[PDB]
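Coming up is one lone chain in structure tokens, specifically the form deposited in one PDB entry.
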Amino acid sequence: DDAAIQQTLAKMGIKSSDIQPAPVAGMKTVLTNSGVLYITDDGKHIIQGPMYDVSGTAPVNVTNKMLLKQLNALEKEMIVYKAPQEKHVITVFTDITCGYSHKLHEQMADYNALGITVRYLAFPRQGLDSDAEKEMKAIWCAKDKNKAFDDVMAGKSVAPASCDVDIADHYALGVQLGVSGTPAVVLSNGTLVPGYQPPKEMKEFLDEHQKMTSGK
């Protein structure tokens, strides 16, 4: 009953973003500004979470899964810098006002040459309505996102816009994911790795991570 669930969140100053049926009967996985909450059908009880599916080899984090669902819907708004021969794919929360994000982009060619595809999402450290947020908003709204981003990091102005992209979505998901500084790397499985890493170290890091992750 999405209805009663919302009245409850309302009577608490909590806004819902995505409500999906939870792995447990009578409960729904709710994404809110207060984190992922598990609420009963009648909206009478709220369990903090996270939720783990322990019916198996190792625990499956239901909250992580839900946040990756949101990540999936944002793929259409990510600025993708693909590697000729894609070995790894990482999602980076970046701020065009962050010196380390500058460096990262300035090395985008090396990251790609090493098989690393970088997918950007905006994350204005100074929050919404900040100069950074207002400039990225223009970048993510341009025709060619890759080109617009390149120009701004180059210093060149970009042809602004009024599109359907809302940085707040990126920002809120980043926060939800544990982001706080930039750049922040998010891995395929949802693992967050704050900080900038030079190409060689990044490649080395991702290779080792994939080995450990797959037991090799």
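Note that residue numbering follows the sequence shown and begins at 1. Whichever C-alpha set is largest while still superposing within 1.5 Å between the two forms counts as the rigid core.
Colleague: I need to verify one thing: averaged over C-alpha atoms only, is the B-factor higher for 47-55 or for 161-169?
Modeller: Higher of the two, by average CA B-factor, is 161-169.
Colleague: Between 152-160 and 24-32, name whichever shows the higher mean Cα B factor according to the PDB entry.
Modeller: The stretch with the larger average C-alpha B-factor is 152-160.
Colleague: Per the entry's Cα B factor values, which of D131, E106, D95, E77 stands out as the maximum?
Modeller: The listed residue with the largest C-alpha B-factor is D131.
Colleague: Among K143, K82, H102, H88, which carries the highest Cα B-factor?
Modeller: Of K143, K82, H102, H88, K143 has the highest C-alpha B-factor.
Colleague: If you rank every modelled residue in this chain by C-alpha B factor, which third holds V60: lowest, middle or highest?
Modeller: Tercile = highest for this residue's CA B-factor.
Colleague: Classify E204 as lowest, middle or highest third according to the C-alpha B-factor given in the PDB entry, relative to its own chain.
Modeller: Middle third, going by the recorded CA B-factors of the chain.
Keep in mind the form deposited in another entry is missing from the figure; the text below concerns it.
Colleague: Core superposed first: is there a CA shift of 2 Å or greater at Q197 between the shown form and the other one?
Modeller: False for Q197: its C-alpha shift is below 2 Å.
Colleague: After superposition on the rigid core, does the Cα atom of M153 shift by at least 2 Å between the shown form and the other one?
Modeller: Result for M153: no, shift under 2 Å.
Colleague: Compared with this form, is the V193-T57 Cα separation smaller or larger in the other entry, the difference being 3 Å or more?
Modeller: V193 and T57 sit closer together in the other entry.
Colleague: Report the direction of the Cα distance change between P50 and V175 in the other entry, compared with the displayed form, as closer or farther; the change is 3 Å or more.
Modeller: Closer together, which means the C-alphas of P50 and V175 are at least 3 Å nearer in the other entry.
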